[PDB]
């Protein structure tokens, strides 16, 4: 989810792709992520091109986590469920909002809900595409590099726009 500009927007929906329309100057993406019965993350990111490279620069602040809840207690499985990102225009900010729910698998067969609220606003002042309501269908696979001893994550993600 940090670089939604790489979603595949079908040709028939290309007039709804805010994310690429803000490039190269980019957009600011902000989120509040609320973990049910636990703390929250607030994030601010700038997504823009630096030369021919797409850069996602993020500051994350997490507060009010429980010392031994599922997050600081590391009780979440190393996997990831498919989900939809529901997008709506925010015409007053020349950008978009999104709302979705992530379900993190807990090692005991339970689920840790993470409510996501997101806003994006362009960095540049050129025209952007303000979309009709739609969603991004996201699939993610997490793995490890067998030769890597540092703490790390390998991520494969597919994101397809749909709903119109």
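Residue numbers count along the first chain shown, from 1.
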field: Higher-B stretch (mean Cα B-factor, as the entry records it), 91-99 or 120-128
entry: 91-99
- prompt: Comparing 27-35 with 132-140, which has the greater mean CA B-factor as deposited?
  reply: 132-140
message: Quick check on the deposited entry: does the C-alpha B-factor of residue 50 sit in the lowest, middle or highest third of its chain?
response: middle
task: Using the B-factors in the PDB entry, rank residue 145's C-alpha atom against the chain and give the third, lowest, middle or highest.
output: middle
task: Among all modelled residues of this chain, ranked by Cα B factor, put residue 20 in the bottom, middle or top third, i.e. lowest, middle or highest.
output: lowest
message: Ranking the modelled residues of this chain by C-alpha B-factor as given in the entry, is residue 161 in the lowest, middle or highest third?
response: lowest
Relative C-alpha B-factor of residue 40, binned into the chain's lowest, middle or highest third: lowest
